[PDB]
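Chemist: File name upload.tsv; file contents TSV, C-alpha atoms (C1' of nucleotides) and all ligand atoms; full text below.
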```tsv
chain	number	residue	atom	x	y	z
Q	2	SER	CA	-3.69	24.52	0.08
Q	3	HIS	CA	-4.52	24.08	3.84
Q	4	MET	CA	-4.54	20.38	3.20
Q	5	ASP	CA	-3.78	20.87	-0.49
Q	6	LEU	CA	-4.76	17.89	-2.63
Q	7	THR	CA	-1.29	16.23	-2.18
Q	8	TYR	CA	-2.47	15.44	1.35
Q	9	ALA	CA	-5.09	13.09	-0.09
Q	10	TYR	CA	-2.36	11.33	-2.10
Q	11	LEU	CA	-0.84	10.64	1.28
Q	12	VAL	CA	-3.78	9.02	2.98
Q	13	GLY	CA	-4.15	6.85	-0.08
Q	14	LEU	CA	-0.52	5.91	0.06
Q	15	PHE	CA	-0.67	5.17	3.82
Q	16	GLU	CA	-3.90	3.17	3.46
Q	17	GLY	CA	-2.19	0.76	1.12
Q	18	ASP	CA	1.24	0.52	2.58
Q	19	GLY	CA	1.06	2.22	6.00
Q	20	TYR	CA	-0.49	1.28	9.34
Q	21	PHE	CA	-1.94	3.00	12.41
Q	22	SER	CA	-0.79	1.08	15.39
Q	23	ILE	CA	-0.96	1.38	19.14
Q	24	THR	CA	1.45	-1.04	20.78
Q	25	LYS	CA	2.44	-2.30	24.23
Q	26	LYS	CA	5.48	-0.88	26.03
Q	27	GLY	CA	5.25	-2.50	29.47
Q	28	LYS	CA	3.02	-0.31	31.62
Q	29	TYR	CA	3.00	2.13	28.72
Q	30	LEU	CA	1.70	2.53	25.15
Q	31	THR	CA	3.19	3.72	21.87
Q	32	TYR	CA	1.11	5.21	19.05
Q	33	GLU	CA	2.75	4.57	15.67
Q	34	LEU	CA	1.72	5.71	12.30
Q	35	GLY	CA	4.38	4.09	10.16
Q	36	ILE	CA	5.17	3.28	6.54
Q	37	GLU	CA	7.93	0.90	5.67
Q	38	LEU	CA	8.89	0.40	2.05
Q	39	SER	CA	11.58	-1.34	0.05
Q	40	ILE	CA	14.95	0.48	-0.03
Q	41	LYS	CA	14.00	1.29	-3.62
Q	42	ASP	CA	11.91	4.21	-2.24
Q	43	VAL	CA	14.46	5.87	0.03
Q	44	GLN	CA	13.89	8.96	-2.04
Q	45	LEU	CA	10.15	8.97	-1.46
Q	46	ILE	CA	10.15	8.38	2.30
Q	47	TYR	CA	12.11	11.67	2.52
Q	48	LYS	CA	9.50	13.20	0.14
Q	49	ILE	CA	6.69	12.15	2.50
Q	50	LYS	CA	8.56	13.40	5.55
Q	51	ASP	CA	9.31	16.67	3.74
Q	52	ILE	CA	5.62	17.04	3.00
Q	53	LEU	CA	4.49	16.16	6.48
Q	54	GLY	CA	7.10	17.87	8.63
Q	55	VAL	CA	7.26	14.92	11.07
Q	56	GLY	CA	8.48	11.38	11.83
Q	57	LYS	CA	11.80	9.60	12.15
Q	58	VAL	CA	13.36	7.70	9.25
Q	59	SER	CA	15.18	4.38	9.66
Q	60	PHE	CA	16.86	1.71	7.68
Q	61	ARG	CA	16.71	-2.00	8.30
Q	62	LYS	CA	18.09	-5.02	6.49
Q	63	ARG	CA	16.66	-8.44	7.22
Q	64	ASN	CA	18.60	-11.24	5.50
Q	65	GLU	CA	18.91	-10.19	1.92
Q	66	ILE	CA	16.37	-7.40	2.11
Q	67	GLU	CA	17.00	-3.68	2.64
Q	68	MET	CA	13.97	-1.78	4.00
Q	69	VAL	CA	13.21	1.81	5.10
Q	70	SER	CA	10.74	3.26	7.55
Q	71	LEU	CA	9.22	6.57	8.34
Q	72	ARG	CA	7.71	6.32	11.81
Q	73	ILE	CA	5.68	8.98	13.61
Q	74	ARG	CA	5.17	8.38	17.38
Q	75	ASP	CA	5.41	11.82	19.04
Q	76	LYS	CA	1.83	12.17	20.24
Q	77	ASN	CA	1.91	15.93	19.95
Q	78	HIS	CA	2.86	15.54	16.33
Q	79	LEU	CA	0.12	13.02	15.72
Q	80	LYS	CA	-2.52	15.31	17.25
Q	81	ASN	CA	-1.46	18.52	15.55
Q	82	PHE	CA	-0.46	17.33	12.07
Q	83	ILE	CA	-1.55	13.77	11.25
Q	84	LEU	CA	-5.12	13.63	12.62
Q	85	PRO	CA	-6.34	16.70	10.78
Q	86	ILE	CA	-5.17	14.97	7.60
Q	87	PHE	CA	-7.15	11.82	8.06
Q	88	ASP	CA	-10.00	13.79	9.50
Q	89	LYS	CA	-9.84	16.07	6.43
Q	90	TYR	CA	-9.22	13.12	4.02
Q	91	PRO	CA	-10.65	10.06	5.53
Q	92	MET	CA	-9.60	6.68	4.36
Q	93	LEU	CA	-11.79	4.56	2.15
Q	94	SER	CA	-10.98	0.90	2.93
Q	95	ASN	CA	-11.97	-0.67	6.25
Q	96	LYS	CA	-8.74	0.63	7.69
Q	97	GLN	CA	-10.88	3.55	8.61
Q	98	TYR	CA	-11.72	1.61	11.78
Q	99	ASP	CA	-8.00	1.40	12.58
Q	100	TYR	CA	-7.78	5.13	12.43
Q	101	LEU	CA	-11.03	5.74	14.32
Q	102	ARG	CA	-10.06	3.47	17.21
Q	103	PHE	CA	-6.59	5.01	17.23
Q	104	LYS	CA	-7.79	8.63	17.19
Q	105	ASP	CA	-10.27	7.93	19.86
Q	106	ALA	CA	-7.67	6.32	22.12
Q	107	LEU	CA	-5.09	9.01	21.47
Q	108	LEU	CA	-7.60	11.83	22.17
Q	109	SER	CA	-8.79	10.23	25.43
Q	110	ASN	CA	-5.14	10.47	26.64
Q	111	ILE	CA	-4.88	6.72	27.13
Q	112	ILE	CA	-1.38	6.19	28.31
Q	113	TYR	CA	-1.61	2.98	30.35
Q	114	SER	CA	-1.45	-0.35	28.61
Q	115	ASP	CA	-4.11	-1.88	30.87
Q	116	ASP	CA	-6.61	0.95	30.15
Q	117	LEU	CA	-6.63	0.06	26.43
Q	118	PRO	CA	-9.78	-1.69	25.14
Q	119	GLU	CA	-9.55	-4.76	22.95
Q	120	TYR	CA	-9.98	-3.80	19.30
Q	121	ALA	CA	-10.44	-5.73	16.09
Q	122	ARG	CA	-11.40	-4.38	12.76
Q	123	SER	CA	-15.08	-4.48	11.83
Q	124	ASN	CA	-15.52	-6.96	8.93
Q	125	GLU	CA	-18.56	-4.97	7.87
Q	126	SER	CA	-17.85	-2.46	5.19
Q	127	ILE	CA	-17.94	1.09	6.34
Q	128	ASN	CA	-18.73	2.52	2.94
Q	129	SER	CA	-20.52	2.12	-0.36
Q	130	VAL	CA	-19.11	1.89	-3.90
Q	131	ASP	CA	-21.29	4.93	-4.68
Q	132	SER	CA	-20.11	7.11	-1.79
Q	133	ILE	CA	-16.61	6.26	-3.03
Q	134	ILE	CA	-16.73	7.38	-6.71
Q	135	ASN	CA	-18.60	10.46	-5.53
Q	136	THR	CA	-15.82	11.32	-3.02
Q	137	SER	CA	-14.43	14.71	-4.14
Q	138	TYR	CA	-10.86	14.01	-3.05
Q	139	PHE	CA	-11.04	10.45	-4.45
Q	140	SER	CA	-9.30	11.58	-7.68
Q	141	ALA	CA	-6.22	12.56	-5.58
Q	142	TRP	CA	-6.53	9.63	-3.18
Q	143	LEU	CA	-6.44	7.15	-6.03
Q	144	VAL	CA	-3.02	8.31	-7.18
Q	145	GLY	CA	-1.78	7.73	-3.62
Q	146	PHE	CA	-3.33	4.31	-3.37
Q	147	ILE	CA	-1.87	3.32	-6.71
Q	148	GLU	CA	1.52	4.39	-5.40
Q	149	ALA	CA	1.13	1.77	-2.77
Q	150	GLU	CA	-0.83	-1.09	-4.38
Q	151	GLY	CA	-1.12	-0.55	-8.10
Q	152	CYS	CA	1.09	-2.45	-10.56
Q	153	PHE	CA	1.88	-1.47	-14.13
Q	154	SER	CA	3.48	-4.54	-15.67
Q	155	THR	CA	4.19	-5.58	-19.25
Q	156	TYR	CA	5.23	-9.13	-19.94
Q	157	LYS	CA	5.41	-11.53	-22.73
Q	158	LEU	CA	3.23	-14.37	-23.76
Q	159	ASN	CA	4.36	-16.78	-25.17
Q	160	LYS	CA	7.75	-17.49	-23.60
Q	161	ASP	CA	8.84	-18.29	-27.19
Q	162	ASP	CA	7.45	-15.20	-29.01
Q	163	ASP	CA	7.46	-11.43	-29.63
Q	164	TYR	CA	3.90	-10.77	-28.55
Q	165	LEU	CA	3.75	-8.50	-25.53
Q	166	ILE	CA	0.96	-7.83	-23.04
Q	167	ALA	CA	0.58	-4.51	-21.14
Q	168	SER	CA	-1.24	-4.64	-17.77
Q	169	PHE	CA	-2.57	-2.76	-14.79
Q	170	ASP	CA	-3.51	-4.51	-11.58
Q	171	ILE	CA	-4.56	-3.57	-8.02
Q	172	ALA	CA	-5.75	-5.52	-4.94
Q	173	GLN	CA	-7.11	-5.47	-1.40
Q	174	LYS	CA	-7.72	-7.91	1.46
Q	175	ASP	CA	-11.39	-7.73	2.36
Q	176	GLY	CA	-11.67	-5.01	-0.22
Q	177	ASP	CA	-14.43	-6.07	-2.50
Q	178	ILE	CA	-16.23	-2.74	-2.17
Q	179	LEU	CA	-13.01	-0.72	-2.61
Q	180	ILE	CA	-11.81	-2.79	-5.48
Q	181	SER	CA	-15.27	-2.61	-7.04
Q	182	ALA	CA	-15.37	1.16	-6.83
Q	183	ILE	CA	-11.97	1.51	-8.52
Q	184	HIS	CA	-12.99	-1.05	-11.09
Q	185	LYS	CA	-16.12	0.98	-11.78
Q	186	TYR	CA	-14.44	4.39	-11.63
Q	187	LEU	CA	-12.18	3.33	-14.47
Q	188	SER	CA	-14.99	1.65	-16.42
Q	189	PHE	CA	-13.55	-1.81	-16.50
Q	190	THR	CA	-15.55	-4.92	-17.34
Q	191	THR	CA	-13.26	-7.76	-16.31
Q	192	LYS	CA	-13.96	-10.11	-13.39
Q	193	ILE	CA	-12.67	-8.95	-10.06
Q	194	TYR	CA	-11.05	-12.19	-9.00
Q	195	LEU	CA	-11.55	-13.45	-5.41
Q	196	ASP	CA	-8.69	-15.54	-4.02
Q	197	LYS	CA	-8.12	-18.17	-1.27
Q	198	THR	CA	-7.08	-15.49	1.23
Q	199	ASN	CA	-10.12	-13.21	0.47
Q	200	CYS	CA	-7.97	-11.01	-1.70
Q	201	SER	CA	-10.01	-9.20	-4.26
Q	202	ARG	CA	-7.87	-8.77	-7.32
Q	203	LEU	CA	-8.44	-6.46	-10.24
Q	204	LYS	CA	-6.57	-6.86	-13.53
Q	205	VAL	CA	-7.09	-5.35	-16.92
Q	206	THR	CA	-5.19	-5.87	-20.15
Q	207	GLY	CA	-7.31	-4.56	-23.01
Q	208	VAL	CA	-6.50	-1.53	-25.11
Q	209	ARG	CA	-9.65	0.36	-23.98
Q	210	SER	CA	-8.95	-0.27	-20.25
Q	211	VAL	CA	-5.29	0.63	-20.61
Q	212	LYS	CA	-6.31	3.64	-22.72
Q	213	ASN	CA	-8.15	4.51	-19.61
Q	214	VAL	CA	-5.44	3.85	-17.00
Q	215	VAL	CA	-3.14	6.05	-18.98
Q	216	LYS	CA	-6.01	8.50	-19.27
Q	217	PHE	CA	-6.32	8.67	-15.50
Q	218	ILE	CA	-2.77	9.15	-14.36
Q	219	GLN	CA	-2.56	11.83	-17.01
Q	220	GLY	CA	-5.64	13.77	-15.92
Q	221	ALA	CA	-5.33	13.19	-12.20
Q	222	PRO	CA	-4.62	16.37	-10.15
Q	223	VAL	CA	-1.52	14.95	-8.41
Q	224	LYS	CA	1.37	13.00	-9.90
Q	225	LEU	CA	2.97	9.78	-8.68
Q	226	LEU	CA	6.07	10.40	-6.54
Q	227	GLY	CA	7.96	7.24	-5.83
Q	228	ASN	CA	9.44	4.28	-7.64
Q	229	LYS	CA	5.97	4.03	-9.09
Q	230	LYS	CA	6.41	7.08	-11.28
Q	231	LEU	CA	9.46	5.38	-12.68
Q	232	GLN	CA	7.43	2.21	-13.05
Q	233	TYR	CA	4.68	4.13	-14.87
Q	234	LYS	CA	7.00	5.90	-17.23
Q	235	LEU	CA	8.80	2.75	-18.36
Q	236	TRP	CA	5.42	1.08	-18.99
Q	237	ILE	CA	4.37	4.08	-21.07
Q	238	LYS	CA	7.49	3.72	-23.16
Q	239	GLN	CA	6.74	0.02	-23.24
Q	240	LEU	CA	3.19	0.67	-24.58
Q	241	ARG	CA	4.73	2.67	-27.43
Q	242	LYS	CA	6.30	-0.54	-28.77
Q	243	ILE	CA	3.21	-2.79	-28.63
Q	244	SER	CA	1.01	-1.93	-31.55
Q	245	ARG	CA	-2.53	-2.32	-30.32
Q	246	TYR	CA	-1.91	0.39	-27.68
Q	247	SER	CA	0.37	2.68	-29.63
Q	248	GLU	CA	-2.39	3.16	-32.21
Q	249	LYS	CA	-5.28	4.14	-29.94
Q	250	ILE	CA	-3.71	5.98	-26.94
Q	251	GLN	CA	-2.06	9.43	-26.73
Q	252	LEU	CA	1.25	8.36	-25.23
Q	253	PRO	CA	3.24	11.42	-23.89
Q	254	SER	CA	6.60	11.22	-22.20
Q	255	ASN	CA	6.59	14.34	-20.01
Q	256	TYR	CA	5.08	12.77	-16.80
J	1	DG	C1'	14.18	10.72	42.19
J	2	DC	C1'	9.99	9.23	39.71
J	3	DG	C1'	7.01	8.52	35.78
J	4	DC	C1'	6.68	9.13	31.44
J	5	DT	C1'	8.47	9.76	26.87
J	6	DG	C1'	10.30	9.15	21.72
J	7	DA	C1'	13.86	7.06	19.45
J	8	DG	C1'	15.98	3.02	18.24
J	9	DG	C1'	16.16	-1.72	17.33
J	10	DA	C1'	13.99	-5.96	16.32
J	11	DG	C1'	10.55	-10.36	15.72
J	12	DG	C1'	6.38	-12.31	13.81
J	13	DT	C1'	3.56	-12.48	9.83
J	14	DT	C1'	0.92	-12.04	5.33
J	15	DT	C1'	-0.83	-8.97	1.62
J	16	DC	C1'	0.25	-8.15	-2.01
J	17	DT	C1'	2.48	-7.05	-6.32
J	18	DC	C1'	4.38	-8.60	-10.54
J	19	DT	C1'	4.37	-11.78	-14.28
J	20	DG	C1'	2.27	-15.07	-16.14
J	21	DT	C1'	-0.45	-19.82	-18.48
J	22	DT	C1'	-4.10	-21.73	-20.34
J	23	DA	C1'	-8.02	-21.49	-22.80
J	24	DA	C1'	-11.60	-18.96	-24.90
J	25	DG	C1'	-13.17	-13.97	-27.60
J	26	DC	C1'	-13.46	-12.32	-31.82
J	27	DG	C1'	-12.45	-9.50	-36.61
J	28	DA	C1'	-12.27	-11.15	-40.42
O	1	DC	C1'	-6.57	-18.67	-38.58
O	2	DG	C1'	-4.46	-15.27	-35.96
O	3	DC	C1'	-4.41	-11.08	-33.13
O	4	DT	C1'	-6.54	-10.21	-28.80
O	5	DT	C1'	-8.50	-10.60	-24.07
O	6	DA	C1'	-10.53	-12.99	-20.05
O	7	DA	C1'	-10.11	-15.99	-16.00
O	8	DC	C1'	-7.03	-18.04	-12.68
O	9	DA	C1'	-3.60	-17.87	-9.88
O	10	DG	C1'	1.90	-19.11	-7.57
O	11	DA	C1'	5.13	-17.37	-4.88
O	12	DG	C1'	7.91	-14.87	-2.06
O	13	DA	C1'	9.48	-10.10	-1.38
O	14	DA	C1'	7.59	-5.84	0.12
O	15	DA	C1'	4.75	-4.85	3.16
O	16	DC	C1'	1.99	-4.67	7.78
O	17	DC	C1'	1.78	-4.95	12.79
O	18	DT	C1'	3.86	-5.67	17.01
O	19	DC	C1'	6.82	-5.45	21.69
O	20	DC	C1'	11.23	-4.09	24.34
O	21	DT	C1'	15.06	-1.44	26.42
O	22	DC	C1'	17.04	2.86	27.09
O	23	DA	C1'	18.43	7.98	27.84
O	24	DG	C1'	16.56	11.97	28.80
O	25	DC	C1'	13.37	15.30	30.41
O	26	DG	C1'	10.00	17.88	33.32
O	27	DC	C1'	7.69	17.07	37.40
O	28	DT	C1'	7.26	17.51	42.47
I	301	CA	CA	-0.31	-2.62	0.50
I	302	CA	CA	-2.23	-2.58	2.68
I	303	CA	CA	3.56	-1.58	-2.33
```
Translate this file's structure into structure tokens.

Modeler:
Amino acid sequence: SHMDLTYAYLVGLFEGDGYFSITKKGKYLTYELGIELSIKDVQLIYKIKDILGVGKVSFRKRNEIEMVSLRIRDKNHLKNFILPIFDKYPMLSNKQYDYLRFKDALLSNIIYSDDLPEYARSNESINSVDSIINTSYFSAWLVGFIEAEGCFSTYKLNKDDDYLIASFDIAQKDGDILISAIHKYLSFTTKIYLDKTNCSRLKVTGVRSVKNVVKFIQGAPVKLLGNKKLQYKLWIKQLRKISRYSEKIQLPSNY
DNA sequence: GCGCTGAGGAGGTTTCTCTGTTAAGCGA
DNA sequence: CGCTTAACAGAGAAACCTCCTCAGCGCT
């Protein structure tokens, strides 16, 4: 407790799906920390807000798409509750700069739009693969980050067959270091693919990798919370039907 | 009354996620 | 051969990040 390990889960989850933003408001400035998910996670925004004790929740539907936000902008609530979290549990991607800049500005009582210095994320990495795996909270943080950015899919090759394939995938923009640390923490061997938009994309599909993914969510000191838990659990079940997996990996159903 | 504020509402954009397809590993 | 994985990657929804107007509130 204090900032009990579930607080790491959070910074992970925000790092992937959230954002620390200071925005114009005429003469004035707003400081948002917001997360904005698909409507599918209504249940979890309220979880996060329950955990945190702050922020306003809103719903939004643009064209066919229903979305939900938790948004924290009260600057007294940022100072007292949010900053000791990300100070306690700092982020691990290069978003850290977003936070640092933001904290700094907030703490200097910058209220006027024209006072605000021009900012732009350092492209330089702020961190080393090594410092990452060695990061005591990291265990916890990785559940959070997987809530946001991980993807447990199973799918069938070939279109015209019974043969399934059971996968885990995660990705970052300008996240070669971060992706590499995860990839190394879980003892993968596959290529981290690097795409046209500098997206660094991890994907594994073997039995031994998967045996490991499963291993990790199972041993990790915090559970998934949102739609992801659901996603995980169905995939588990799924894995019990494909033979290569079912025969090497302890496959519980009490997650 | 004045200056500042968070909530509310919205636009602009792109980073993912999720599900493959093709070809090559490999146990045998 | 035949079960298994590795590399590549489209596409478009689920994120990411912004700016504005408004009432209310606590100052002097
Ligand atoms: Ca994300
Ligand atoms: Ca992200
Ligand atoms: Ca997500």

Chemist: Residues of chain O were defined as contacting chain Q if any atom lay at most 9 Å from it, counting all atoms listed in the file; please report them as a PDB file with C-alpha atoms (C1' of nucleotides), in the coordinates of the input.

Modeler:
```pdb
ATOM      1  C1'  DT O   4      -6.540 -10.210 -28.800  1.00  0.00           C
ATOM      2  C1'  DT O   5      -8.500 -10.600 -24.070  1.00  0.00           C
ATOM      3  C1'  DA O   6     -10.530 -12.990 -20.050  1.00  0.00           C
ATOM      4  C1'  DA O   7     -10.110 -15.990 -16.000  1.00  0.00           C
ATOM      5  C1'  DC O   8      -7.030 -18.040 -12.680  1.00  0.00           C
ATOM      6  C1'  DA O   9      -3.600 -17.870  -9.880  1.00  0.00           C
ATOM      7  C1'  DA O  13       9.480 -10.100  -1.380  1.00  0.00           C
ATOM      8  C1'  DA O  14       7.590  -5.840   0.120  1.00  0.00           C
ATOM      9  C1'  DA O  15       4.750  -4.850   3.160  1.00  0.00           C
ATOM     10  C1'  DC O  16       1.990  -4.670   7.780  1.00  0.00           C
ATOM     11  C1'  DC O  17       1.780  -4.950  12.790  1.00  0.00           C
ATOM     12  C1'  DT O  18       3.860  -5.670  17.010  1.00  0.00           C
ATOM     13  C1'  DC O  19       6.820  -5.450  21.690  1.00  0.00           C
ATOM     14  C1'  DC O  20      11.230  -4.090  24.340  1.00  0.00           C
TER      15       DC O  20
END
```

Chemist: Please identify every residue of chain J that has at least one atom no more than 7 Å from any atom of chain Q, counting only C-alpha atoms (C1' of nucleotides), and report them as a VMD selection string.

Modeler: chain J and resid 6 15 17 to 19

Chemist: Compare Q:176, Q:145, Q:220, Q:91 by their minimum atom-to-atom distance to ligand CA 303 (chain I), counting only C-alpha atoms and all ligand atoms, and give me the closest one.

Modeler: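 Looking only at the distances to ligand CA 303 (chain I), the closest residue turns out to be Q:145.
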
Chemist: With distances taken over all atoms listed in the file, which residue among Q:252, Q:187, Q:30, Q:147 lies nearest ligand CA 302 (chain I)?

Modeler: Q:147

Chemist: Take CA of residue 64 (chain Q) and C1' of residue 21 (chain O) and report the distance between them in Å, one decimal.

Modeler: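 Those two atoms sit 23.4 Å apart.
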
Chemist: Looking at only C-alpha atoms (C1' of nucleotides) and all ligand atoms, which of J:28, J:10, J:23, J:16 is the one that sits closest to ligand CA 301 (chain I)?

Modeler: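 Among the listed residues, the smallest separation from ligand CA 301 (chain I) belongs to J:16.
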
Chemist: If we count only C-alpha atoms (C1' of nucleotides) and set the cut-off at 12 Å, which residues sit around residue 131 (chain Q), ignoring sequence neighbours fewer than 5 positions away in its own chain? Please answer as a PDB file with C-alpha atoms, keeping the file's coordinate frame.

Modeler:
```
ATOM      1  CA  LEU Q  93     -11.790   4.560   2.150  1.00  0.00           C
ATOM      2  CA  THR Q 136     -15.820  11.320  -3.020  1.00  0.00           C
ATOM      3  CA  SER Q 137     -14.430  14.710  -4.140  1.00  0.00           C
ATOM      4  CA  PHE Q 139     -11.040  10.450  -4.450  1.00  0.00           C
ATOM      5  CA  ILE Q 178     -16.230  -2.740  -2.170  1.00  0.00           C
ATOM      6  CA  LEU Q 179     -13.010  -0.720  -2.610  1.00  0.00           C
ATOM      7  CA  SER Q 181     -15.270  -2.610  -7.040  1.00  0.00           C
ATOM      8  CA  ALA Q 182     -15.370   1.160  -6.830  1.00  0.00           C
ATOM      9  CA  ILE Q 183     -11.970   1.510  -8.520  1.00  0.00           C
ATOM     10  CA  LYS Q 185     -16.120   0.980 -11.780  1.00  0.00           C
ATOM     11  CA  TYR Q 186     -14.440   4.390 -11.630  1.00  0.00           C
TER      12      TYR Q 186
END
```

Chemist: Neighbours of residue 25 (chain O) within 12 Å (only C-alpha atoms (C1' of nucleotides); same-chain residues fewer than 5 positions away dropped), as a PyMOL selection string?

Modeler: chain J and resi 2-6

Chemist: Give me, please, the distance in Å between atom CA of ligand CA 303 (chain I) and CA of residue 242 (chain Q), quoted to one decimal.

Modeler: 26.6 Å

Chemist: Record the distance separating CA of residue 180 (chain Q) and CA of residue 233 (chain Q), expressed in Å with one decimal.

Modeler: 20.2 Å

Chemist: Box along x, y and z, 4 Å on every side, all listed atoms of region 105-111 of chain Q inside: centre and edge lengths in Å to one decimal, as lines of an AutoDock Vina configuration file.

Modeler:
```
center_x = -7.6
center_y = 9.1
center_z = 23.5
size_x = 13.4
size_y = 13.5
size_z = 15.3
```

Chemist: Could you check the closest approach to ligand CA 301 (chain I) for each of Q:109, Q:255, Q:129, Q:148 and tell me which residue wins, using all atoms listed in the file?

Modeler: Q:148
